[PDB]
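Below sits a lone chain in C-alpha cells, taken as the form deposited in one PDB entry.
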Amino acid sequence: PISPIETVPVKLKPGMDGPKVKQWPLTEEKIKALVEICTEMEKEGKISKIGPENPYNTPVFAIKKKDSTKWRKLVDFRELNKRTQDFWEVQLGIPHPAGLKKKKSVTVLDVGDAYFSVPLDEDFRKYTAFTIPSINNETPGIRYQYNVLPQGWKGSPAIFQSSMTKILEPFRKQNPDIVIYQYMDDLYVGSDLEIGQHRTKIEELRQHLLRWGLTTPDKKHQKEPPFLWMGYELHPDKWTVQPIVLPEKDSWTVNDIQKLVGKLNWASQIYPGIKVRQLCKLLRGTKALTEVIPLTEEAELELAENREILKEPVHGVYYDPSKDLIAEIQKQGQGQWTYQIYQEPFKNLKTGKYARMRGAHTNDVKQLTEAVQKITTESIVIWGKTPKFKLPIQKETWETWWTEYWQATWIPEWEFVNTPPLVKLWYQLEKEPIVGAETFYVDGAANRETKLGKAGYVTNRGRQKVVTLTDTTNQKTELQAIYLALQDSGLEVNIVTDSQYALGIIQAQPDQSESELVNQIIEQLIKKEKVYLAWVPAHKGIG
C-alpha cells in the first residue's frame, strides 16, 4: 500500500541525464509473466503506464524465484544508479553485540515491501521508465514507470530510512521505555515490559505503522529469537557465537587455503590460540589458484588443533551501564597483543587481537601504547566510554620510557596487572661516557655503484680490525662497523660513529626493526651491561 508521507526531493548527479538502455528480447514465458506481474503492481498504483514523451529506459528481467515454481521480476538499475546523486550515509558502520543492553524480549517486524510503501519524488519518477516488449517486436512495447521507491535503486535505502524515522517519532516519544532499531527491512523492537504488556505495545506499534499503509506479515511466518545478526546468534539476555565449520577434506587447493586462512583469521579475534603460521607456508611459490598442495604434517597438526578450539562454543554478555568497563591486555609474542573487555571478571563483552609488522623501528612499549589506543577508540565507538586498563607493565618502567621518549604519548587511567610475561625495557643507552671502558671509533664506507665496502674500528686501547664487503651498501657498512664493535667489545663499551642512522637509534632506542642487520645490532645491545653510543659529524677531523 502506498503512504501519505512527504517525498524526499531527488536529482541526478551534476549535469547528467536519465538512463537510455535497450530492452533484451524475451521468451513467450518471460513476457507473459511480466505482463501479469506489472498489471498487478499497476493496479496497486505502485507503477504507472507512460507514453512516448519519455526517452529513458531500464532493463526489466524475469527470474523464477527459488522455492516457487512461479515467476517474479527484476529491474536493472545499474545505469540509473550511476547517474543519481549521492546521499549521506546508508549504514554508518555496524553496531556491535557487546554494545547492546539485555532486554526481557525482542520482537522483529518485517516492514518488507515497504520500499514500495514509500512514494517517489514525482519529478524523478521519469528516470525509472522501463519496457515490457511484445512477441514479434510488433510496434510498441508496454511502457511503465515507478511512482514508488524501486527495489534496487540507489536512493531507496536512505529515503526509506529517514521516512520510517519520521513515522516512528510520535510512537517513540510516547514509549521511551521501548527500543526500536531499524536495519534494512526489519524493525527490531525490544523492552523490559512484562510480556503481556510488551505484546500489547507491539500490536500498538503494528497499528501505528498500519495507519501509514505499511502492512506487516502473516502468522504463517514471523521470526523469533535467537536472531542471526551477521555472525552472532542474538538472544535478548545473552549473545552467542554462530558455528564456524572447517571443511575436513581430502585434497587441498591454493585457493581453498586462502579461504581457509581467511576464516581462521576472522576467528582468532574471539578464539585467540588459533594459529595459521604453517597453513600460510603451503602458499609460498604457488603457481595457480587451483594447483593442489600437499599438507605438511605441521599443517595437519595445526589444522587439527583449530577444529578443537572452534569446538568449545562461546557466549558473551551484554552491556550494563551501571558498571565499570575493564580492558585487559596481554603480549602473546613480539608484536602480538590480545585483549578482553569485560565488566564482571570472566564475563566477557568483547575480545580481539593484533599482529604488528615490525615496520621501520619500534619498541614494545610504544607498541603497547598503540594497543591501548586502538582499544580506546573502539570502546568509544561501542559504549561511548573508555575502559579502565589493567596492563602488563610496571608503573616504573612506563614512567622511565615515556618521560624521555621523543614523541608525545599517553595511556588513560590504568593499573599494573602482574600477569606474566611483563613488557620491559630491553636496554637503555647510557647518558654519558663510561669510565674504565674501551672506546671504539667505528667507521664504514661503500662505493655506491660497485657495492664494495670496508667496515672496521680502532680503539683507544690499540685494538683494530677491518673487513671487506661485497654486494653491500653504505648504511649496511656503517651499521656493520657498529656490529663489529659490539661483537668484539665486552660488557661495557663506548662507541663513536658518524652514522646518521646511529642518531635514529640513539633517539628511538628501538628493540625491533625490519632490518635483520639492525636486529643483529639490537640483540647485541641487549647482551651488554652498559653501552654509550655517540655521533660526531662526518668527514670533519674527529677519529
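For every residue, the number given is its place in the sequence shown, counted from 1. The term rigid core refers to the maximal set of C-alpha atoms that superpose within 1.5 Å between the two forms.
There is another form of the same protein, the form deposited in another entry; it is not shown, and what comes next is about it.
### Query
Where among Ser268, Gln145, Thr369, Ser156 does the Cα move by 2 Å or more between this form and the one not shown after the core is superposed?
Everything else stays below 2 Å; the exception is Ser268.
### Message
Taking 2 Å as the cut-off, check whether the CA of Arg83 shifts that much or more between this form and the one not shown after a rigid core fit.
### Response
False for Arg83: its C-alpha shift is below 2 Å.
### Message
If the two forms are fitted on the core, does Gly456 show a Cα displacement reaching 2 angstroms between this form and the one not shown?
### Response
True for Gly456: a C-alpha shift of 2 Å or more.
### Query
Quick one: once the rigid core is lined up, does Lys424 have its C-alpha move by 2 Å or more between this form and the one not shown?
Moves: no, less than 2 Å.
#### Entry: Closer or farther: C-alpha pair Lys219/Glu42 in that other deposited form, relative to this form, given a change of 3 Å or more
It is farther: the C-alpha separation of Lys219 and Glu42 rises by at least 3 Å in that other deposited form.
### Direction of C-alpha distance change in that other deposited form, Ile329 to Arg277 (at least 3 Å)
So the answer is closer.
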